[PDB]
Structures are given as C-alpha cells and as structure tokens.
Amino acid sequence: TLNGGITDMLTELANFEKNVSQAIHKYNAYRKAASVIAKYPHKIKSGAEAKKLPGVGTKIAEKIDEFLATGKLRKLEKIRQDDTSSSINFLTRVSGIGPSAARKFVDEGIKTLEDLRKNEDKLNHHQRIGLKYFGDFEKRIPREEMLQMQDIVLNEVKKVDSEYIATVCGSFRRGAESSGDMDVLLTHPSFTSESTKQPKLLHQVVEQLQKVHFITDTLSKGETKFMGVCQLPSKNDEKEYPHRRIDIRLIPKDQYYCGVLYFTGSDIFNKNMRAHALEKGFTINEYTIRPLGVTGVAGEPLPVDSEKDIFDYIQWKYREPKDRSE
DNA sequence: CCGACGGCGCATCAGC
DNA sequence: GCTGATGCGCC
DNA sequence: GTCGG
Ligand SMILES: [Cl-]
Ligand SMILES: [Cl-]
Ligand SMILES: [Mg+2]
Ligand code: NA
Ligand code: NA
Ligand code: NA
Ligand code: NA
C-alpha cells in the first residue's frame, strides 16, 4: 500500500481517541482521513499534498510532515509508553469490552490477559465469550473459508424454509480476499415493513445452525439481530479451524436493498454516503431512504427497487460493492 | 466562529 | 414491569 | 479533527 505508513499512524491515533480519550468524533475524523489517504493513488510527499484531500486538515498535515521527515510520531511514541493507555488499548481488543469497561477494569487492577482469565466472574456474557476466543477473533478469514461458510449457512437456511433468502454481506460481498467475520443478511416473505406474519423467524435459523454445530456460542440475540460465534467443521485428524464471529440481520423483505446497502458497507463508506445524503436533503438507514422536510424532519420512505436507486436519490453515480471498501 | 458529524440492535442499569 | 440513558456492537 | 455556513 502506497501510504501504509501514514494510514497506520492515523489508525493508531484513531484507536487512541476512541479507546483512551473516549472522543468518538476525533476517532471518526482520523479514520476518515486514513481512508481518504488509503485510496489516494500517489505516494504522498508532504502534509500539504495530503491536506488537499477531504478529511485531512491542518493538524493531520503537520503529523504527516513529522512522519515523513522521521518515520515516526512523537505523540504516538509517548502514547505507546503510557502504561494506562497501553492497558486500556489492550483490554478493548476483547469483544464486549469497550473504553468504559476497560478503564474500569484497569481501576480494579485487571489489565492483562492473565488477569482477565482469573476474573471471569467479573465479566458479562458477551465479554466472557470474547475472552474465550481472544486469539481466534483477531485472525482473518480466508475468502476460501468464507465460501465454505456461505455454503453451510445458505444450505441450512434452505432446510428450515425454502423461502428464506440469506445473503453474505460485509467485506465478503465487496470481494475481499479475507474477512474479519461473516455477515449474513436474512429475509423471509413473512416479515415485511407491513407485518410480522411469523414469529421466531431468526430463532429458527439460529437454532438450525446450532443443531449442526456451526454456531457454537451467542454474544447477543434479539428478534432481528444475532451476534455470535461459528466454526467450520474440520476433517479427521486435522487441526480445528479457528472460531469466527458471525452476525445475522433479519430485515423486512421489502426493504432488502436498503438493508443490503447497509450491511455491505464498508463502515466508512456508509458514514460518508449517509453524510452526503444529509447534505442532499435525505436520511438513509438500513430500512429506508426518506426526504428531509423543511423543519429538518424525516418524511415518508421513498420507493426503492434496487441498490442503484438509493445512489440516484443522492446524486451519486453507482458504486459496485468492490469499490466501497473505504 | 461553531454546530454537526450515520444510524440503529441488544444488554444493562437507574428511576419510577 | 416500563421507559430512557448509556455501553458496545454492526456496516 | 475537519468541514461548511
Ligand atoms: Cl470528539
Ligand atoms: Cl425507517
Ligand atoms: Mg464483517
Ligand atoms: Na483537506
Ligand atoms: Na472491544
Ligand atoms: Na460483522
Ligand atoms: Na458536515
């Protein structure tokens, strides 16, 4: 990657603002700048060159000049040395432990993997499973395994009810050669924006995937969103595959295109696209796109018959999934 | 300057 | 119990 | 931290 050094720096700064400073807008600012620099097709020669990009301002330009001059950032060098900042950053790598919980644990003298392991009773359920699979969850998933996972999910879903449609979204749908997890959008004709003609639609699917030992653990579960753990089966004599995070989202069927736009991401692409929507006078969520009235109040859902329709509303040329990895 | 910055599901908790 | 705030997660 | 009015 042309500007990998700079983008890593900015990502590290973002993480610090989120995890330690608890400054979500600074976090988003750094990530937006990292993303715009990541897609910039030249090797950046100066902060001023970078500043020409949307999302890079005066402060980041200065840091980019320092980084180009020396290969590092004193601000980060110092952060890397702060024990409290270090501990907090580490703890937040456990799924279910955020900035608040991490600072709280550190207060109690819980700040290593070893500490966490002996204090399981101090963890909620989500955290306990995040700890259980700490190592596994930091591994990426080769697209080849994603394909095997897709096959299992789609086929098990079909076995429950042939009218279910399951679509793998996330980085997979954007064509990534590896993914951090598996994202599954689910629809069923019994669940629309107008009616829920069937209960347990998500449950039945989760239950079936548990029955075949694909889903192994649950982080959280409700009527429309499942957040859990899954695992590919391994052959005789061979090492097991790592455990993987899986997210399943049941979306009203008539709202599939807004749903699939959302779940395809990336996260930054979504933020960017939704902010542009706001500027164009619309608001987009995973269900609908709606006009903003004069007062600045969301109007009624606009008709959408394709992903492209959404892009049209906000006056963007269509972008294929593979070009949304921001 | 300075308000806005994407939008929302599930878990947990305070207050009634 | 409920509702509203907040934490944490997803893209 | 950056943007736009
Ligand atoms: Cl902030
Ligand atoms: Cl809506
Ligand atoms: Mg994903
Ligand atoms: Na800029
Ligand atoms: Na975490
Ligand atoms: Na996910
Ligand atoms: Na803005």
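Just the heavy atoms: all of them, side chains too, but no hydrogens, waters or symmetry mates, feed the values below. Chain letters run A, B, ... following the sequence lines, proteins first and then strands; every chain starts at 1.
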ask   = At their closest point, which heavy atom of A:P242 faces which heavy atom of A:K139, and how far apart are they?
value = CG-CD, 4.0 Å
query = Which heavy atom in A:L201 sits nearest to a heavy atom in A:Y164, and how many Å separate them?
reply = O-OH, 2.5 Å
Find every protein N or O atom lying less than 3.5 Å from an N or O atom of nucleotides 7-9 of chain C, and list the pairs.
{"residue": "C:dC8", "atom": "OP1", "partner": "A:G98", "partner atom": "N", "Å": "3.2"}
{"residue": "C:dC8", "atom": "OP1", "partner": "A:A101", "partner atom": "N", "Å": "2.7"}
{"residue": "C:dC8", "atom": "OP2", "partner": "A:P99", "partner atom": "N", "Å": "3.4"}
{"residue": "C:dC8", "atom": "OP2", "partner": "A:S100", "partner atom": "N", "Å": "3.0"}
{"residue": "C:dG9", "atom": "OP1", "partner": "A:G96", "partner atom": "N", "Å": "2.7"}

query = Which residues satisfy the ring pair (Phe, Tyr, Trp, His ring centres under 6.0 Å) test with A:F16, sequence neighbours excluded?
reply = none
key: Closest non-hydrogen atom pair between A:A298 and A:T283, with its separation   = CB-CG2, 4.0 Å
note = Heavy-atom nearest pair, A:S179 first then A:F172, reads OG-N, 3.6 Å
request  = Determine which pairs satisfy ring pair (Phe, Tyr, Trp, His ring centres under 6.0 Å) with at least one residue from residues 76-122 of chain A, sequence neighbours left out, and list them in order.
outcome  = A:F90-A:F134
Test ring pair (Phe, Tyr, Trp, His ring centres under 6.0 Å) applied to A:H276 and A:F282, A:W316, A:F269, the passing residue = A:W316
key: Donor-acceptor pair under 3.5 Å, A:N270 side chain vs C:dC11 base   = yes
key: Whole angstrom value for the distance that separates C1' of C:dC10 from CD1 of A:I251   = 11 Å
request  = Report yes or no: do A:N119 and A:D115 form a side-chain donor-acceptor pair below 3.5 Å?
outcome  = no
message = Using 0.5 Å steps for rounding, measure from the NZ atom of A:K221 to the CE atom of A:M227.
response = 12.5 Å
Salt bridge A:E163-A:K253, side-chain N to carboxylate O under 4.0 Å = no
task = Could you tell me whether A:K59 contacts a base, only the sugar-phosphate backbone, or nothing, with contacts defined as non-hydrogen atoms closer than 4.0 Å?
result = sugar-phosphate
message = Taking any atom closer than 4.0 angstrom to a non-hydrogen atom of chain A, what span of DNA chain D does the protein reach, first nucleotide to last?
response = D:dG1 to D:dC3
note = Between A:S190 and A:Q198 the two heavy atoms that sit nearest each other are OG-OE1, 2.9 Å
request  = For A:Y30, answer base if it contacts any base atom (sugar-phosphate contacts may also be present), sugar-phosphate if it contacts only those atoms, and nothing otherwise; contact means non-hydrogen atoms under 4.0 Å.
outcome  = sugar-phosphate
inquiry  = Please compare A:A275 and A:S220 by the position of their nearest nucleotide in DNA chain B and report the one closer to 5'.
reply    = A:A275
request  = Based on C1'-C2'-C3'-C4', put the sugar of C:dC11 on the north side (positive) or the south side (negative).
outcome  = north
message = Any salt bridge linking A:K104 with A:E108? Criterion: basic side-chain nitrogen under 4.0 Å from a carboxylate oxygen.
response = no
query = A:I284 and A:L278: same hydrophobic cluster, using ILVMFWY side-chain contacts below 4.5 Å?
reply = no
query = Quick one: do A:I251 and A:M273 end up in the same hydrophobic cluster if we chain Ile, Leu, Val, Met, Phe, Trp and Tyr together by side-chain heavy atoms under 4.5 Å apart?
reply = yes
request  = Just call it for A:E223: base, sugar-phosphate, or nothing, with non-hydrogen atoms closer than 4.0 Å on any strand.
outcome  = sugar-phosphate
Positional range of nucleotides in DNA chain B within the contact set of chain A, heavy-atom, under 4.0 Å = B:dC5 to B:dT12
Single-linkage hydrophobic cluster A:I268~A:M9, side-chain heavy atoms < 4.5 angstrom = no
request  = Please name all residues satisfying side-chain contact (heavy atoms from CB on, under 4.5 Å) with A:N124, sequence neighbours left out, ordered by chain then number.
outcome  = A:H126, A:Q127
note = The correct set of residues in residues 37-53 of chain A placing a heavy atom under 4.0 Å from DNA chain B is none
note = A:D181 meets the side-chain contact (heavy atoms from CB on, under 4.5 Å) criterion, sequence neighbours left out, with A:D183, A:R245, A:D247
inquiry  = Assess, by modelled atom type and distance only, whether the side chains of A:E326 and A:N272 contain a donor and an acceptor separated by less than 3.5 Å.
reply    = yes
message = My understanding is that only residues two or more places apart in sequence, or in another chain, count here; which of them pass side-chain contact (heavy atoms from CB on, under 4.5 Å) with A:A38?
response = A:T7
query = Taking CG from A:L250 and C1' from C:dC10, how many angstroms apart are they, rounded to a whole number?
reply = 15 Å
ask   = How would you label the contact of A:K221 with the nucleic acid (heavy atoms, under 4.0 Å): base, sugar-phosphate, or nothing?
value = sugar-phosphate
inquiry  = Check this for me: A:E300, atom CD, are more than 12 non-hydrogen atoms of other residues, nucleotides or ligands nearer than 6.0 Å?
reply    = no
request  = Using heavy atoms and a sub-4.0 Å distance, could you list which residues of residues 318-326 of chain A are near DNA chain D? By number, please.
outcome  = none
Same cluster (ILVMFWY, side-chain, under 4.5 Å), A:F191 and A:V184 = yes
task = Please work out which residues in residues 176-204 of chain A have a non-hydrogen atom less than 4.0 Å from an atom of DNA chain B and list them by number.
result = none
Selection: residues 278-304 of chain A, any non-hydrogen atom under 4.0 Å of DNA chain B = A:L278, A:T283, A:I284, A:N285, A:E286, A:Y287
ask   = Looking only at atom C1', what distance separates D:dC3 and B:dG6, rounded to whole Å?
value = 16 Å
